[PDB]
Each structure stands twice: as C-alpha cells, then as structure tokens.
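Novice: A structural model of the following input is requested.
(one chain, ligands or ions: 1)
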Amino acid sequence: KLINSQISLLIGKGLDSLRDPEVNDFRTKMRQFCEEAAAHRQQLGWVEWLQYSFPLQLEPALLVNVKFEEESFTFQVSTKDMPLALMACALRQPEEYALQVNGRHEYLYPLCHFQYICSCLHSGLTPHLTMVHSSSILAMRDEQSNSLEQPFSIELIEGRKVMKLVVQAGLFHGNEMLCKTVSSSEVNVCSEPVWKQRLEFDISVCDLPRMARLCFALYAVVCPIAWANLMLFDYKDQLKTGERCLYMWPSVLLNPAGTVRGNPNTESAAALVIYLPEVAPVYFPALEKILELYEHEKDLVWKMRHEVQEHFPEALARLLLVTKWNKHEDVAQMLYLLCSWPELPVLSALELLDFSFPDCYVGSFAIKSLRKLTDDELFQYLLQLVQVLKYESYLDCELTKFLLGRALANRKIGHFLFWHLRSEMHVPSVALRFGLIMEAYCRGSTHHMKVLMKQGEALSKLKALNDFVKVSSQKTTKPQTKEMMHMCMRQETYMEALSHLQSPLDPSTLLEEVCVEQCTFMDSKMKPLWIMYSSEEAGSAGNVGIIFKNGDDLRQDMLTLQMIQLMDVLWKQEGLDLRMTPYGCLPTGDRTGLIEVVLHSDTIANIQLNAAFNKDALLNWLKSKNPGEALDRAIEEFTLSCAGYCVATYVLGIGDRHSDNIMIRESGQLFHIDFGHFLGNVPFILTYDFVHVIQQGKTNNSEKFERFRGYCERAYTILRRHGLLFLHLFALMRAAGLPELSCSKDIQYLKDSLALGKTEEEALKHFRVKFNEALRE
Ligand SMILES: Cc1nc2c(-c3nnc[nH]3)cc(-c3ccnc(N)c3F)cc2n1-c1ccnc2c(F)ccc(F)c12
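Specialist: Numbers count the residues shown, from 1 in each chain. See the structure here:
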C-alpha cells in the first residue's frame with residue numbers, strides 16, 4: 001500500500017474508477033511482465049548489474065589518482081591501457097573490481113574511450129577513481145530488489161452542446177481514408193441536437209482492416225467545433241456493435257491522427273452519440289486464416305509484390321503505401337509477404353513506426369527490426385519513440401512492451417523514459433496511457449521509484465522557490481529578493497529536498513550539497529533560477545549547476561539539442577570532432593524543466609561589453625584565459641565549434657541569433673543557447689568578429705579561413721548523407737504537437753537546408769552560394 005501511494009505521488013495521478021477491462025488488462029499483464037524483468041535482474045552477475053545500473057558512457061600519457069573504499073595513490077598510465085591494468089597497479093586480483101568515478105554514478109576498452117577520461121584529458125583535470133570490490137557491488141544489487149458483405153453503416157443518434165449543425169464522418173487507415181466521407185443534414189445551431197440518421201459508407205464490412213477507425217467532425221455552418229475518433233474494433237479484435245457516446249475534443253476538419261479515446265472532461269465535452277449496427281459476434285480474423293489468403297506507378301508496385309520483397313527488401317514502406325487496404329484480400333496477400341520479409345535496417349524501421357503505417361502487424365515488424373538497436377542508439381532515438389506512443393490505438397502494444405523491457409534492462413533508459421512520460425501527465429490526451437506505463441515501470445524497480453521520488457521532491461521545492469521569487473521580485477530589488485531566495489533555500493525542508501539527488505538531466509551526475517551562496521536568478525520575466533552544487537567526493541567534477549525554468553517551453557530546445565548531439569555523433573563517427581557542447585535539457589512538467597549549466601563560459605555580449613576595438617574583445621578574452629602556448633588550442637576549439645554550429649544552426653534553421661544567446665567557453669569552444677524557434681519558424685550566419693578569431697586576429701589570413709570554410713563544407717555533406725535519418729526522426733516528432741513542427745512545410749524546411757534532392761557536388765556548390773552570401777557581414 002505504501003508502494004501504491006508512492007507510485008501515485010511520483011507519476012502524479014491516483015490509482016480503477018474507469019472499470020475499463022482494457023485498462024485493467026493493461027495493468028495486470030504489464031505488471032506480471034515488469035516483475036518478471038525485475039526478477040531476472042536480481043539474478044545477474046555483478047558486471048551484468050553494473051551494465052544495468054551504470055551503463056558505460058563511452059564515445060564512438062596520463063596521470064590518474066585511485067583510492068579504495070582514504071589514502072589515494074597517484075599513477076601515470078597509458079591513454080591506451082585497459083581499466084584492468086590500472087586496477088592491477090592499484091593493487092600492487094584485478095578481475096574482482098571496477099573503477100568508480102568519484103562522486104558520480106559512473107564506473108569504468110582503453111581509457112581513451114571513457115567519456116569521463118576525455119572529459120578529463122581535454123580539460124587537464126586529473127581523473128579520480130575508486131576501486132570498488134565486487135562484494136560491495138553485489139550489496140547494491142541486493143538492496144535494490146523487491147464473411148459479411150453489406151455496406152458499413154453507423155448511425156448518428158444525437159448530440160449535446162453548442163447557423164446550421166453538420167457532422168462529417170470518415171473512415172481511415174492511417175491518414176488514408178478507406179472510402180468516401182459522409183456528411184449529415186444541416187440541423188439548426190441550438191441544442192442538444194437530434195439526427196437519428198443512418199450514415200452508410202462505401203465499404204463492405206468484410207473489408208475494414210484491423211486498424212480501421214471511424215472519425216467524426218462536428219462543425220457549424222451558414223466554423224469547427226469538435227472532433228472525435230474510435231476504432232471499429234475493440235482491443236480484443238471484436239467489431240464493436242452498439243451505442244457509444246463520444247466525448248469530443250475541440251477543433252483546430254477531420255482528424256484521423258488524434259486519439260481514439262474520448263475527451264475525459266465529461267462536464268464540458270460536446271458528446272456525439274451514435275449507433276454501431278450489429279451484424280449477426282464477429283472478431284477480426286486470426287493471423288492463420290489471413291495467411292491462407294501516379295496511379296499507373298502504384299499498380300506496377302503492387303504488381304511484382306514479390307520482386308520487391310526478393311530484390312528490394314527495404315522498399316517495404318512504399319509497397320505498403322500502394323496496398324489497397326480497404327480490400328481484405330489485397331491485405332491478406334501483402335500481410336502474407338510481410339511474414340516472410342527479411343528484417344530491415346534501423347533507418348527503415350524508423351520510417352515504419354510512423355502513423356501512415358497504421359497496421360499493427362507492420363508495427364510489430366518495425367519493432368522486431370528495432371530489437372537490434374544498441375542501447376546508445378535507443379537513447380538517441382528515445383524521444384521519438386515516446387512521441388510515437390501517441391499514435392497507438394490500444395494500451396497494450398509491442399511498442400510499449402519494448403520500451404518497458406529496455407527501460408527495465410538499462411537504468412538510464414528507464415530514467416529518461418520516466419521523465420518523458422512524467423513531463424506530459426498534464427496533457428489530457430495522453431495522461432492515462434503515460435500514467436499506466438510509469439506504473440508498470442515502477443513495479444519493475446521499486447528501488448528506482450524511490451530515487452525518482454527524490455528527484456520529484458527537489459523539482460517540487462524548485463517550483464515553490466521560483467514562485468516565491470516571482471512574487472518577491474515584484475516588490476523588491478533584485479538583490480533583496482536574492483538574499484530572500486537564500487533564506488528560503490536555507491530552511492529545513494529546502495536543504496533536505498534540494499540536496500543529495502541524481503540529476504534529472506543526467507542520472508550519472510550527482511547533486512549533493514546545494515551551494516546556497518552561489519544560487520541566483522535571471523531578473524527578467526519568468527525568473528529562471530540558477531542552482532549550483534558541490535560534492536567533496538567528486539572534487540571538481542562535483543561542481544555542477546542546473547537552471548530551472550517555470551514559464552518557458554522547453555520541448556523545442558530539447559529536440560534541437562538532441563539533434564545537435566546527433567550531428568556531433570555523426571561527425572565524430574566519421575573522424576571529425578567539431579568540439580560541440582550539446583548540454584542537457586529536459587522538460588519535467590507543464591512548462592517546467594531543467595537545463596544543464598556549462599560552467600566556465602559566458603556570452604559574447606558579456607565578453608564584448610569589455611580592448612581598443614570590439615572585434616578585439618573576443619580574441620582578448622581568449623588570450624586572457626589561455627596563456628601563451630595555450631591560445632593556439634582555444635583558436636582551434638573556437639574554429640571547429642564555430643563551423644559546427646554554423647552548419648547546425650543553418651540546417652535546423654535557427655535564426656534569432658545574437659550576442660546574448662551565443663556563448664563561448666574558456667577552452668575556446670563556442671556554443672549556442674536558447675533555441676525556442678528553428679525551421680525558420682534563415683540564411684547562413686557568420687559574423688566578422690568570429691571570422692576575426694578564426695584568422696588569429698590578422699586582418700586576413702586566408703590559409704586559416706579557407707580550411708575553416710572546409711570544415712563547414714565537410715560537416716554539411718557528412719550530415720547530408722544522413723538526411724533521411726534526420727527526416728525520419730522529425731517525421732515522428734510531428735506527433736509532439738510542437739507548434740513550429742506543425743505541418744508538412746516544416747519538414748520541407750529540413751529537406752531544403754539539407755539539399756536532399758540534389759547531388760553531392762551540386763549541393764555543395766549551392767552550399768557554397770549561401771556561405772559567401774553570409775560572409776559579406
Ligand atoms: C534566461 C536564460 N535562459 C538560458 C538558457 C536557455 N536555454 N534554453 C532556453 N533558455 C540556457 C543557459 C545556459 C545553458 C547552459 N550553460 C550555460 N552557461 C547557460 F548560460 C542560460 C540561460 N539563461 C540565463 C542567462 C543568464 N542568467 C540566468 C540565470 F541567472 C538563471 C537562469 C537562467 F536561465 C539564466
């Protein structure tokens with residue numbers, strides 16, 4: 001029971017009142033499932049458990065200091081040496097140990113591969129680790145255990161809330177209609193309106209595909225009012241026969257992609273009531289039955305269905321787009337080949353997950369092609385897979401079981417699945433499904449729940465704190481609310497709630513002691529908070545800041561930074577390190593989330609605000625933080641990151657860049673904050689005091705500049721190869737309801753910036769056109 005109450009606070013809704021056997025089915029089925037995984041988990045070998053709880057954070061001569069669970073010993077080792085070898089030094093049997101990063105949830109392949117080690121090499125800090133014996137790891141593991149060929153007709157009985165009242169009714173597969181829409185008669189505005197009018201569609205009932213959905217639009221004429229959709233099949237495959245009442249969603253005219261569950265605010269939802277003509281008790285045929293069984297271009301793809309399977313396995317997608325889905329034989333045949341289809345590359349499955357592949361068998365097929373996804377790939381695509389959950393038609397689906405499975409097998413997966421689900425629980429459409437999934441996951445780690453509660457309580461006191469700061473600053477100076485802010489933070493409950501947590505931005509980072517002294521807040525607008533931490537165990541890698549925002553929408557920034565991080569991975573996985581900074585960014589709730597602070601950096605504007613001439617400002621700041629020899633690295637740091645963000649900002653169409661939202665690190669790395677727009681919703685950007693830095697300050701030094709210009713072009717064509725990768729993810733993201741990612745024209749921005757129609761060298765001469773266009777500043 002306490003566990004039940006804990007799950008209810010964490011996920012934000014109470015745990016029944018719907019007595020819906022679909023919902024009851026989901027919960028007990030998935031709970032058995034999730035408890036199975038948590039059982040398996042407790043029986044893993046101790047290196048298998050590290051892999052679960054602390055997945056290694058790789059990327060695609062050396063001083064290092066080691067202790068055991070207070071005396072440390074410093075060594076030198078080879079950047080090429082294996083953690084084993086390090087341990088063996090430390091011992092003077094190594095296989096009985098792992099290396100923990102001090103004060104992080106990280107354990108340690110040549111050390112040149114470990115994120116924490118390069119985050120130390122590139123930054124001169126000296127790695128500090130701890131030998132943790134395998135007995136002691138087992139302790140954690142243990143501590144964390146618990147036949148009918150008439151036309152389909154419905155009937156539109158009547159309605160309930162408020163010229164002339166039309167209803168439009170369409171039948172769709174995906175966002176394709178299996179026939180013609182039917183409208184109603186123009187009954188008069190006011191009501192509670194009556195229709196009692198049979199609507200009959202040009203489809204045989206034996207020809208509704210398993211995933212068919214009836215879609216209504218209620219509007220007003222001499223203006224739209226409400227929309228609503230449902231499956232003609234229940235979640236047990238039973239064609240549904242009867243009277244259903246349809247609590248409608250408000251509008252924008254049909255909306256086949258929107259949810260198949262009704263508007264839950266039954267107090268003000270227009271209801272549309274309707275009759276489903278019974279027809280005999282008909283369940284959609286089993287799989288085994290089914291297996292027994294320009295337009296000229298479509299016809300010659302249906303055509304050699306077989307040659308496509310034989311010789312073009314990955315063209316699956318566009319054979320599924322030519323398939324006549326209203327014809328049940330056209331579907332048995334296609335669906336018959338698909339049970340023999342060779343598995344597909346991840347890229348191709350990322351296209352199949354989309355909504356214009358509604359059929360649940362293809363969805364299964366797509367999932368099956370996704371079990372080979374590495375955990376690092378899953379993590380990169382994870383946001384899209386979450387948003388695709390909104391397209392599903394039932395609660396129990398391969399997609400949900402696949403995530404839960406992966407979530408429960410990698411704790412960093414589970415961590416982020418949780419926050420993605422939790423962050424939308426305020427959205428009517430999805431609250432039930434996301435709530436239900438967070439619940440099954442919680443019965444998979446009763447331990448991780450308690451860690452997440454901990455994060456939630458901090459996120460909760462940050463909300464209160466910001467609210468007091470918004471109120472307090474209305475009446476008071478910036479410095480007077482600041483010291484009030486600290487007094488509130490100093491209270492009892494705030495110190496306890498805000499301290500000793502895993503960072504929701506990155507669970508491997510630990511937020512221990514909140515440094516009240518160094519907290520502050522932006523005194524403009526939504527009063528975003530600056531919260532700083534320290535940890536004596538982690539040393540300097542314990543000094544970490546997080547920015548809290550309450551008021552702003554962070555979904556867009558998060559997507560943009562995932563994309564830049566994807567870019568940097570693509571680039572690093574072709575040899576090219578543009579030295580990017582994809583900092584953490586995570587919506588946690590309604591207009592609420594977190595930003596990872598990048599320490600030791602500032603804004604162009606703050607740097608320009610002051611040298612004799614403004615162009616000297618950046619270079620002199622760089623000269624100041626990188627003495628003598630060291631400037632030279634900064635200039636290359638600066639130059640690569642410049643090119644990388646020039647390419648990134650251009651592709652993603654991020655305008656509105658100015659000297660307050662472009663930042664620079666003391667290493668010389670330049671990076672962008674505050675995204676919020678993108679897709680133009682832009683020209684190549686470039687600014688002579690950047691040019692100035694790239695040229696070592698010398699008036700014009702075309703031997704530096706041109707190679708900088710070669711960086712940009714290399715990045716641009718690297719990314720241009722993976723343009724489909726970018727197109728497919730964004731396609732899935734249209735499910736997010738992001739306002740700048742609304743329609744088709746948004747995705748057609750990306751198509752252009754990525755010259756995706758043209759050749760590799762014709763796009764690069766066109767890229768060359770923009771780059772000089774932009775240079776004249
Ligand atoms: C207003 C604002 N937005 C941001 C963003 C950002 N991102 N999306 C959307 N807005 C990112 C970073 C940021 C992020 C990472 N590293 C560093 N250094 C940053 F400045 C800082 C941001 N700021 C801030 C600038 C100055 N002072 C701030 C403060 F006192 C408290 C909180 C603030 F947010 C501050």
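
Novice: The closest residue to the ligand within the stretch 301-450 of the chain: neighbouring residues, count only.
Specialist: Nearest to the ligand, among the residues of the stretch 301-450 of the chain, is residue 423, at 15.4 Å (CB to the nearest ligand atom). C-betas here are computed from N, CA, C, even on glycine. Residue 423 is flanked by 22 other residues according to other CB atoms under 10 Å.

Novice: Which parts of the protein belong to which domain?
Specialist: By the record's domain assignment, the chain is partitioned as 151-276, 287-448, 449-597, 601-774 (curated CATH domains).

Novice: Would you mind giving those domains as JSON lines with distance to residue 29 added?
Specialist: As requested, the domains of the chain are exported to JSON lines (distance: least, CB to CB, whole Å):
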{"stretch": "domain 151-276", "distance to residue 29": "11"}
{"stretch": "domain 287-448", "distance to residue 29": "6"}
{"stretch": "domain 449-597", "distance to residue 29": "20"}
{"stretch": "domain 601-774", "distance to residue 29": "25"}
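
Novice: right, so of those, which gets closest to residue 102?
Specialist: Of all the domains of the chain, domain 449-597 sits nearest to residue 102, with 5.2 Å by CB to CB.

Novice: How far does that closest one stretch from one end to the other?
Specialist: Taking CA to CA, to the nearest Å, the first and last residues of domain 449-597 lie 26 Å apart.

Novice: Would you tell me whether the helix or strand that contains residue 461 gets close to the ligand?
Specialist: If you go by DSSP states H and E, residue 461 is part of helix 446-473. No. Helix 446-473 stays clear of the ligand (CB under 6 Å from any ligand atom), getting no nearer than 10.1 Å.

Novice: So residue 360 sits against residue 211, correct?
Specialist: Yes. Counting by CB atoms under 8 Å, residue 360 touches residue 211, with 5.8 Å between them.

Novice: Of these two, which one has the most company?
Specialist: Using other CB under 10 Å, the more surrounded residue of residue 360 and residue 211 is residue 211, with 22 against 17.

Novice: Quick check: the more buried one vs residue 446, distance?
Specialist: When CB to CB, to the nearest Å is applied, the distance between residue 211 and residue 446 equals 36 Å.

Novice: I figured residue 760 hits residue 716, correct?
Specialist: No. With contacts counted by CB under 8 Å, residue 760 stays clear of residue 716, the gap being 10.4 Å.

Novice: who's more crowded, these two?
Specialist: Taking neighbours as other CB under 10 Å, residue 760 and residue 716 compare with residue 716 leading, 24 against 10.

Novice: which SS state does that one fall under?
Specialist: Put simply, residue 716 is helix when judged by DSSP: H, G, I helix; E, B strand; the rest coil.

Novice: Quick one: residues contacting it.
Specialist: 647, 650-651, 764, 767 (CB atoms under 8 Å, 6 or more residues apart in numbering).

Novice: Dump those residues into CSV; add neighbour count, distance to residue 489 and secondary structure as well.
Specialist: CSV is the format used below for the contacts of residue 716 (neighbours: other CB atoms under 10 Å; distance: CB to CB, whole Å; DSSP: H, G, I helix; E, B strand; the rest coil):
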residue, neighbour count, distance to residue 489, secondary structure
647, 26, 41, helix
650, 24, 42, helix
651, 25, 41, helix
764, 18, 53, helix
767, 20, 50, helix
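
Novice: near the ligand too, which of the residues you listed?
Specialist: When CB under 6 Å from any ligand atom is taken as the criterion, no member of those contacts the ligand.

Novice: which phi and psi does residue 754 have?
Specialist: phi -100, psi 20 (degrees, to the nearest 10).

Novice: these two touch, right, residue 153 and residue 275?
Specialist: No. The pair residue 153 and residue 275 fails to qualify as a contact (CB under 8 Å) at a distance of 9.1 Å.

Novice: contact partners of stretch 420-428?
Specialist: Under the criterion CB under 8 Å, 6+ apart, residues 10-13, 263-265, 382-383, 386, 430-431, 434-435, 437-438, 456, 586-590, 592-593 lie in contact with stretch 420-428.

Novice: Weed out the non-buried ones from those.
Specialist: Using 16 or more other CB atoms under 10 Å as the burial test, these include 10-12, 263, 382-383, 386, 430-431, 434-435, 437-438, 456, 586-589, 592-593 as buried.

Novice: hang on, isn't residue 536 packed against residue 128?
Specialist: No. The pair residue 536 / residue 128 is not scored as a contact, 11.5 Å apart, by CB under 8 Å.

Novice: Show me which of those two is the more surrounded one.
Specialist: Taking neighbours as other CB under 10 Å, residue 536 and residue 128 compare with residue 128 leading, 23 against 10.

Novice: Give me every residue in this protein lying close to the ligand.
Specialist: Contact residues, the chain versus the ligand (CB under 6 Å from any ligand atom): 520-522, 528-530, 547, 557, 583, 595-598, 601, 663, 673-674.

Novice: taking those one by one, which sit in strands?
Specialist: Among those, the ones falling in strands (DSSP state E) are 520-521, 529-530, 547, 595-596, 601, 663.

Novice: Just the buried residues of those residues.
Specialist: Burial by neighbour count, 16+ other CB under 10 Å: within these this picks out 520-521, 529, 547, 595-596, 601, 663.

Novice: quick one: which of the ones in strands among the residues of the chain next to the ligand is nearest to residue 311?
Specialist: Nearest to residue 311 among these, counting by CB to CB, is residue 596 at 48.0 Å.

Novice: ok, the closest one - contacts?
Specialist: Going by CB under 8 Å, 6+ apart, residue 596 touches 503, 505-506, 544-547, 583-585.

Novice: run the last query once more with 6 Å
Specialist: 505, 583-584 (CB atoms under 6 Å, 6 or more residues apart in numbering).

Novice: Which among the domains of the chain is found nearest to residue 88?
Specialist: For residue 88, the closest of the domains of the chain is domain 449-597, at 24.0 Å, according to CB to CB.

Novice: Off-centre distance for that closest one?
Specialist: Here domain 449-597 shows a centroid-to-chain-centroid distance of 19 Å under the convention CA atoms, centre = their mean, to the nearest Å.

Novice: Repeat that for stretch 599-614.
Specialist: Distance, centroid of stretch 599-614 to centroid of chain: 33 Å (CA atoms, centre = their mean).

Novice: Skip the chain neighbours and tell me the closest residue to residue 636.
Specialist: Using CB to CB, 6 or more residues apart in numbering and skipping residues adjacent in sequence, the residue nearest residue 636 is residue 668, 7.4 Å away.

Novice: The one you found and residue 182: what is the separation?
Specialist: With distances taken as CB to CB, residue 668 is found 65 Å from residue 182.

Novice: Looking at those two, which is more packed in?
Specialist: Neighbour count, other CB under 10 Å: between residue 668 and residue 182, residue 668 has more, with 26 against 19.

Novice: Go ahead and confirm the more buried one touches residue 639.
Specialist: No. Using CB atoms under 6 Å, residue 668 is not in contact with residue 639, being 8.3 Å away.

Novice: who's in contact with residue 177?
Specialist: residue 170.

Novice: List the beta-bridge partners for it.
Specialist: Beta-bridge partners for residue 177, by DSSP bridges, are residue 172.
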